[PDB]
Amino acid sequence: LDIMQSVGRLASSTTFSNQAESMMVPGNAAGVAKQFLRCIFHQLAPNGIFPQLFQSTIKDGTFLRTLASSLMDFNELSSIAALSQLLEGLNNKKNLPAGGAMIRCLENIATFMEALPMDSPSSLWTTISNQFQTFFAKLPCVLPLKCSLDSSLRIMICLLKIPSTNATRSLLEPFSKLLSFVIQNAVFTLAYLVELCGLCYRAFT
């Protein structure tokens, strides 16, 4: 594990500091390592390379999600193809790494799935909402009273980052379940609770 997070981290550390690490330029720390990760996802894809470092032991939150957006155009390992099994493989065990690690897993998938690509059509939602609802009857009840419920809070706004119009209805009973668990359990507000209805008032049908 340590060497692959170093493959991230030395692709996130150089002598210059005034440039970004999710777009190619001759001299970024990411970009040649992402040409590397491009040419090795041609082989390394089906090896179970994904669950080895989602919630594995680290001491640097900055490194995680650093190159998740630098996971670029490469065809045969698309994460939209590589999401169809992570939730059904996570609930392959009946009880997750839980407690505080339950919050680090909800926010693991939240910070992972804020980096969905901006080339995302209304098409590849075949096998996701089922593997949503196979955890989402169990998602709010594991949260204790006045806990860090923000792991369930933030996850909704990048659950709305998907430009679709046709079959987006199975998530509404979470969207009233999670607009009941946020209301009655702890001290909530309307800072991040009012923009949702306005934006689904503008662009949906």
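Rules and cut-offs
- Residues numbered from 1 in each chain as written, not as in the entry; some residues may be left out.
- Part of a larger assembly, values for the part shown.
- Heavy atoms only, no water.
- Helix = DSSP H or I, 4+ residues; strand = E, 2+ residues; numbered from the N terminus.
- Rg over C-alpha atoms; globule rule 2.2 N^0.38 Å.
- Buried < 20%, exposed > 50% of the residue type's maximum accessible area, 1.4 Å probe, protein only.
- Patch = residues over 30% accessible without salt bridge, like charges linked within 9 Å, V, L, I, M, F, W, Y side chains within 5 Å.
- Areas by Shrake-Rupley, 256 points an atom, 1.4 Å probe, with all protein chains shown as cover.
- Salt bridge = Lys/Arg side-chain N within 4 Å of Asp/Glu carboxyl O.
- Disulfide = S-S within 2.5 Å.

- Looking up the protein in the PDB entry gives the name Protein unc-79 homolog, with the organism given as Homo sapiens.

**A closer look at the overall build of the protein**
For step 1, the next point in the chain: Scanning the protein for helices and strands turns up 9 helices and 0 strands.
For step 2, the next point in the chain: From first element to last, N terminus to C terminus, the protein shows the α and β order α-α-α-α-α-α-α-α-α.
For step 3, the next point in the chain: Scaling as 2.2 N^0.38, a compact globule of 205 residues should have a C-alpha radius of gyration of about 17 Å, and the protein matches this with 18 Å.
For step 4, the next point in the chain: The C-alpha extent of the protein, read off along each of the three principal axes, is 50 × 40 × 35 Å.
For step 5, the next point in the chain: For the protein, the proportion of its 205 residues judged to be buried stands at 28%.

**Some words on a nonpolar patch on the surface**
For step 1, the next point in the chain: A grouping of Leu179, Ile183, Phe188, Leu190 and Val194 is seen on the molecular surface, where their side chains present a nonpolar patch of about 380 Å² in accessible area.
For step 2, the next point in the chain: With respect to the element layout, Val194 can be found in the loop between helix 8 (181-184) and helix 9 (195-202).

**Notes on the state of the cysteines**
For step 1, the next point in the chain: Following the criterion strictly, the structure yields 0 disulfides and no others.
For step 2, the next point in the chain: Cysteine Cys141 shares no disulfide, and the gap to the nearest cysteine sulfur, in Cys147, comes to 13 Å.
For step 3, the next point in the chain: Taking the relative accessible area as the measure of exposure, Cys141 reaches 55% and is therefore exposed.
For step 4, the next point in the chain: According to the relative accessible area criterion, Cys147 is partly exposed, its value standing at 28%.

**A closer look at the pattern of salt bridges**
For step 1, the next point in the chain: Counting across every chain of the model gives 3 salt bridges.
For step 2, the next point in the chain: Notably, a salt bridge pairs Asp60 with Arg9, separated by 3.2 Å at the nearest N-O pair. Placement of the pair is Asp60 in the loop between helix 2 (29-44) and helix 3 (86-90) and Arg9 in helix 1 (residues 2-9), with a sequence separation of 51 residues.
For step 3, the next point in the chain: Overall, the relative accessible area of 29% leaves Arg9 in the partly exposed class.
For step 4, the next point in the chain: A salt bridge links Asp150 to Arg154, with the shortest nitrogen-to-oxygen separation between them at 3.0 Å. Placement of the pair is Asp150 and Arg154 together in helix 6 (residues 150-154), with a separation of 4 residues, close to one helical turn.
For step 5, the next point in the chain: Assessed through its relative accessible area of 33%, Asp150 is described here as partly exposed.
For step 6, the next point in the chain: Residue classification places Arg154 among the partly exposed positions, given a relative accessible area of 40%.

**Things to note about unusual backbone geometry**
For step 1, the next point in the chain: Phi at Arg65 takes a positive value of approximately 80°, unusual for a residue other than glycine.
For step 2, the next point in the chain: Relative to the helices and strands, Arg65 resides in the loop between helix 2 and helix 3.
For step 3, the next point in the chain: For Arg65, a relative accessible area of 36% translates into the label partly exposed.
For step 4, the next point in the chain: Positioned with a positive phi, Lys146 is a non-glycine residue whose angle comes to about 55°.
For step 5, the next point in the chain: Residue placement: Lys146 occurs in the loop between helix 5 (129-136) and helix 6.
For step 6, the next point in the chain: Taking relative accessible area as the criterion, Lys146 reaches 62% and is therefore assigned exposed.

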